[PDB]
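K.L.:
One structure, pasted below without further comment.
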Amino acid sequence: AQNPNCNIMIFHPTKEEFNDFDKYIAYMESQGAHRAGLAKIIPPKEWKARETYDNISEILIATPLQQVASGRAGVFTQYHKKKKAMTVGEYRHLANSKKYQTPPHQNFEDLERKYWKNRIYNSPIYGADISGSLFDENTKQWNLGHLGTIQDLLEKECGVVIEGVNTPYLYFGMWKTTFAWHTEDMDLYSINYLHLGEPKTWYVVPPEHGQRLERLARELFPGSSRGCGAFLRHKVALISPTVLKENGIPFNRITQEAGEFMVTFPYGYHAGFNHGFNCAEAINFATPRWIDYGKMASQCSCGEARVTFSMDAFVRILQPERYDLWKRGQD
Ligand SMILES: O=C(O)CNC(=O)C(=O)O
Ligand SMILES: [Mg+2]
Ligand code: NI
Ligand SMILES: [Zn+2]
């Protein structure tokens, strides 16, 4: 078996290798990349997502989210308080203010220590889930707006045509902005490009050990767990690396910088935080290997997780038994 310790692998494709997305994903998995739940992809030195980022300030963040924490330093939930719309220009100015800016620090390690020590005493503001793309339409390789769709993958694999479309989202982050422990909708893959600014640190549990994370989570968030059999889909729960180590949960960590891609793999639980002002673009995708994970994916039926129009059809085809009760959580 390739990558038996489930380490995060880093790839350096040539411009020749960078022409065929599907085939490069298949290559990475032949080297065991998926076992980690997360891989880093450094694009060829010749490749650019777009010419410059000089004209992005007028993008609107219609619903900025203030991330308010409750709990203890290493075990907390966050809720999202809706704030008034601002442009990316205004947001960037906010992220750089004395109140929200990244603090003085030695290295990613000193910064990580400060994040986990101090996160809960602050409420950073995230621009999340904004429909759009910053890839130049002339960028032909690894353009997240031009990937093959999940609906076409399902159709090629299973012979059934379904409704739905699949488009990218932009995330604008600042210091301490946080992504809670989760897998993707329907345990899909994701791909994430950090377009500009400060880094993003990621924690990930190998897919083969995901259930151990879930079991710890049921113990750490006992009331959430009683309310919903898949409460991690609410994307509110945080657990520090110290707490994970204390409980024997296998995981890994890696820091993404501007200009790099990350791929998350089916059923790879991940979480993280932003080091300062940045902009990332992400989208879900599928391969033939995803189909079985889609069929087994846990669902939120308490009605908190509330998920896309396109997800309906996945549940309808892949999980016809769940499909009655699930859309009751959606309606
Ligand atoms: O970048 C973020 O804040 C969240 N993105 C993801 O969880 C992802 O790409 O899978
Ligand atoms: Mg603009
Ligand atoms: Ni994700
Ligand atoms: Zn739920």
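To match Swiss-Prot, the residue numbers of chain A are left as they are there, and the shown ones run 11-341.
The backbone N, Cα and C atoms fix where each Cβ goes, and this holds for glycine too.
The domain 'JmjN' annotation in Swiss-Prot covers 18-60. Taken from Swiss-Prot, the feature polyADP-ribosyl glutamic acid applies to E26, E27, supported by experimental evidence. If you look up Swiss-Prot, you'll see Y136, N202, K210, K245 marked as 2-oxoglutarate binding site. The annotation domain 'JmjC' is assigned in Swiss-Prot to 146-312 on the grounds of sequence analysis. Residues or ranges marked as Fe cation binding site in Swiss-Prot (evidence: sequence analysis): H192, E194, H280. Positions annotated as Zn(2+) binding site by Swiss-Prot, on the basis of a large-scale study or a structure entry: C238, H244, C310, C312.
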K.L.:
For the domain 'JmjN' (18-60), could you work out the same-chain residues 6 or more beyond its ends whose Cβ comes under 8 Å from its Cβ atoms?
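P.N.:
Those are 11-12, 144-146, 149, 151-153, 157-158, 199, 203, 205, 212, 214-218, 262-264, 266, 269-280, 297, 299, in sequence order.
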K.L.:
Just name the winner among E26, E27, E194 (the recorded positions) by count of other CB atoms within 10 A of its CB.
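P.N.:
Going through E26, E27, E194 one by one, the largest Cβ count within 10 Å is at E194.
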K.L.:
Out of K245, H280, give me whichever of these binding-site residues has the highest number of other Cβ atoms within 10 Å.
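P.N.:
Going through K245, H280 one by one, the largest Cβ count within 10 Å is at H280.
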K.L.:
Report, in whole Å, the straight Cα-to-Cα distance of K245 (2-oxoglutarate binding site) from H280 (Fe cation binding site).
P.N.:
10
K.L.:
Measuring Cα to Cα, how many angstrom lie between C310 (Zn(2+) binding site) and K210 (2-oxoglutarate binding site)?
P.N.:
28
K.L.:
Specify all same-chain residues, apart from the site residues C238, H244, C310, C312, whose Cβ lies within 8 angstroms of the center of the Cβ atoms of the Zn(2+) site, ordered by sequence.
P.N.:
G237, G239, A240, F241, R243, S311, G313, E314, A315, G339
K.L.:
Can you go through the recorded positions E27, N202, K245, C312 and pick out those with a C-beta less than 6 angstroms from ligand 1?
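P.N.:
Within range of ligand 1: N202.
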K.L.:
What's the most sparsely packed of the binding-site residues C238, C310, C312, counting other C-beta atoms within 10 A?
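P.N.:
Among the binding-site residues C238, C310, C312, the sparsest Cβ neighbourhood within 10 Å belongs to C312.
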K.L.:
Nearest to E26 (polyADP-ribosyl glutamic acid) by Cα distance: which of the binding-site residues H192, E194, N202, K245, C312 is it?
P.N.:
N202
K.L.:
Check the Cα distances from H244 (Zn(2+) binding site) to each of the recorded positions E27, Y136, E194, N202, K210 and keep only the ones within 10 Å.
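P.N.:
Cα within 10 Å of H244 (Zn(2+) binding site): none.
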K.L.:
Please report how many Å separate the Cα atom of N202 (2-oxoglutarate binding site) from that of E27 (polyADP-ribosyl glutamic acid), as a whole number.
P.N.:
19
K.L.:
Residues other than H192, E194, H280 within 8 Å, Cβ to Cβ centroid, of the Fe cation site?
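P.N.:
Going along the sequence, the neighbours appear as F189, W191, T193, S200, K245, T274, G278, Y279, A281.
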K.L.:
Out of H192, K210, which of the binding-site residues has the smallest number of neighbouring Cβ atoms within 10 Å?
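P.N.:
Comparing Cβ neighbour counts within 10 Å for the binding-site residues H192, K210 gives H192.
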K.L.:
Just to be sure I understand the contacts, which recorded positions have a Cβ under 6 angstroms from any atom of ligand 4? Candidates are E26, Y136, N202, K210, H280, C312.
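P.N.:
By the Cβ criterion, which requires under 6 Å to ligand 4, the hits are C312.
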K.L.:
Could you tell me which three-state DSSP class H280 (Fe cation binding site) falls into?
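P.N.:
For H280 (Fe cation binding site) - judged by DSSP and reduced to three states - the answer is strand.
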